[PDB]
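Trainee:
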Amino acid sequence: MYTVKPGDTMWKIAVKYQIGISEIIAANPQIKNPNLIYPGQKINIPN
Amino acid sequence: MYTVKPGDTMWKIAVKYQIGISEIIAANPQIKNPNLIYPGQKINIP
Amino acid sequence: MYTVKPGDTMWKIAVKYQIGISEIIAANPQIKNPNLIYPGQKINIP
Ligand SMILES: CC(=O)N[C@@H]1[C@@H](O)[C@H](O[C@@H]2O[C@H](CO)[C@@H](O[C@@H]3O[C@H](CO)[C@@H](O)[C@H](O)[C@H]3NC(C)=O)[C@H](O)[C@H]2NC(C)=O)[C@@H](CO)O[C@H]1O
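Residue numbers (my numbering), protein chains in the order written: chain A, 75 to 121; chain B, 28 to 73; chain C, 28 to 73.
#1: Taking Cβ positions, are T83 of chain A and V42 of chain C nearer each other than 8 Å?
#2: List, in order along the chain, the chain A residues whose C-beta lies closer than 9 Å to that of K39 of chain C?
#3: Can you give the Cα-Cα distance for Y112 of chain A and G81 of chain A, rounded to whole angstroms?
#4: Would you decide whether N62 of chain C is buried or exposed? Buried here means 16 or more other CB atoms lie within 10 Å of its CB.
#5: Check whether the Cβ of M84 of chain A sits closer than 7 Å to any heavy atom of ligand 3, and report yes or no.
#6: Per DSSP, which residues does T30 of chain C bridge with? Please list them.
#7: Alpha carbon to alpha carbon, how far is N60 of chain B from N118 of chain A?
#8: How big is the Cα-Cα spacing for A54 of chain C and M28 of chain C?
#9: Is the beta carbon of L110 of chain A within less than 7 Å of some heavy atom of ligand 1?
#10: Between the beta-carbon of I40 of chain B and the beta-carbon of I51 of chain B, is there less than 8 Å?
#11: Which class does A53 of chain C belong to by DSSP, given the choice of helix, strand or coil?
#12: Which of the three DSSP states is assigned to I64 of chain B in this structure?
#13: So which residues on chain C does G67 of chain B lean against when the C-beta distance must stay under 9 Å?
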């Protein structure tokens, strides 16, 4: 549900959606490490 | 067939040369982490 | 309070510590250019 933008970190995404980082991680169990994601990939955000 | 220069990122090389970001990443599976590239590295242009 | 590993960038260190790039930049005003950190350099992680 969010397309990663250049420079984004998980904290920035968490700030934008006002949700904890661990909730975003739990929505994406296929991700090996968020340090491998690149801009233009889309991650799921639980509402 | 592009040599990384200081200051480059994979997104900047894709935007500057008009290559899609998923295409440049898929052309370069030898880059373990697309966020970490170094000057002098050669990357493939699809 | 953290030693830069070969292969670290400020963005990778921020993502490891669950913080943002501005926060790690703010903590390190001795770093002239946040894109350029060196192996073995000591930085602050707040
Ligand atoms: C896929 C994508 O574009 N990701 C973005 C990241 O690339 C970008 O981080 C910056 O990445 C470059 C390239 O890896 C880093 O430069 C490297 O930095 C190290 C440590 O200083 C240095 O040894 C390398 O020589 C140098 N390489 C080059 C080619 O100059 C740069 O430091 C990263 N910047 C930061 C602040 O961590 C991040 C952040 O802009 O965004 C991703 O979206």
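For each residue, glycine too, the CB sits at the ideal point set by N, CA and C.
Mentor: The structure says:
#1: yes
#2: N109
#3: 9 Å
#4: exposed
#5: Summarising the ligand content, the structure contains ligand 1 and does not contain ligand 3.
#6: C:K69
#7: 21 Å
#8: 11 Å
#9: no
#10: yes
#11: helix
#12: coil
#13: Ordered by position in chain C, no residue passes the 9 Å Cβ test against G67 of chain B, which lies about 15 Å from the chain.
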